[PDB]
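Asks: Got an experimental structure here, sequence first:
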Amino acid sequence: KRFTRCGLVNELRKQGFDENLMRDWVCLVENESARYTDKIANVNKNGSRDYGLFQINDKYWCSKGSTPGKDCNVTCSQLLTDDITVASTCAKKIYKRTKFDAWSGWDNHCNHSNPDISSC
């Protein structure tokens, strides 16, 4: 599925994402997945891939093989669903550790002001 700018802000708030990080989250998502929940990045230098809305790397976060992953305790295929509850708790887990430094999309397209979320 693909959210609109406001459909996404609505979801993130419902999902409990921290309000003052909101514009950063919106920016990140739009530059990592263009708001698609089922997007799957092309292989990086290291055979790793990025999954779903948050483009979460399969190197340390999700399992490629049927049984619940690594640090996020989930399968990467679970981060491609229309319901993003699982991907969210994981995305939060990642932020708690490496902030947004994990996402190159954020480091590149989110360092000079984000979109304004009120209107949503």
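Replies: All right, it came through fine. Numbering: from 1, shown residues only.
Asks: ok, the most centrally placed residue in the chain - contacts?
Replies: Among the residues of the chain, residue 54 comes closest to the average C-alpha position under CA atoms, centre = their mean, at 1.4 Å. Residues in contact with residue 54 (CB atoms under 8 Å, 6 or more residues apart in numbering) are 28-29, 32-33, 79, 87-88, 90-91, 94, 103. Where you see a C-beta, it was placed from the backbone N, CA and C, and this is true even at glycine.
Asks: C-terminal to the longest helix seen in the chain, what's the next element?
Replies: The residue-count maximum for a helix in the chain (DSSP state H) belongs to helix 85-98. Read in the C-terminal direction, the helix or strand following helix 85-98 is helix 104-109, with elements assigned using DSSP states H and E.
Asks: Need the residues that contact that next one.
Replies: The contact list for helix 104-109, computed with CB under 8 Å, 6+ apart, reads 24, 27-28, 31-32, 55, 100-101.
Asks: Switch those over to TSV; also include secondary structure.
Replies: Rendered in TSV, the data for those read as follows (DSSP: H, G, I helix; E, B strand; the rest coil):
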residue	secondary structure
24	helix
27	helix
28	helix
31	helix
32	helix
55	coil
100	coil
101	coil
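Asks: just the buried members of the residues you listed?
Replies: Burial by neighbour count, 16 or more other CB atoms under 10 Å: within those this picks out 24, 27-28, 31-32, 55, 100.
Asks: Going by neighbour count, which of the contacts of residue 54 are buried?
Replies: Among the contacts of residue 54, those buried by neighbour count (16+ other CB under 10 Å) are 28-29, 32-33, 79, 87-88, 90-91, 94, 103.
Asks: got JSON lines for these, with distance to residue 59 too?
Replies: Conversion of the buried ones among the contacts of residue 54 to JSON lines gives the following (distance: CB to CB, whole Å):
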{"residue": "28", "distance to residue 59": "19"}
{"residue": "29", "distance to residue 59": "20"}
{"residue": "32", "distance to residue 59": "16"}
{"residue": "33", "distance to residue 59": "18"}
{"residue": "79", "distance to residue 59": "13"}
{"residue": "87", "distance to residue 59": "16"}
{"residue": "88", "distance to residue 59": "20"}
{"residue": "90", "distance to residue 59": "14"}
{"residue": "91", "distance to residue 59": "15"}
{"residue": "94", "distance to residue 59": "12"}
{"residue": "103", "distance to residue 59": "14"}
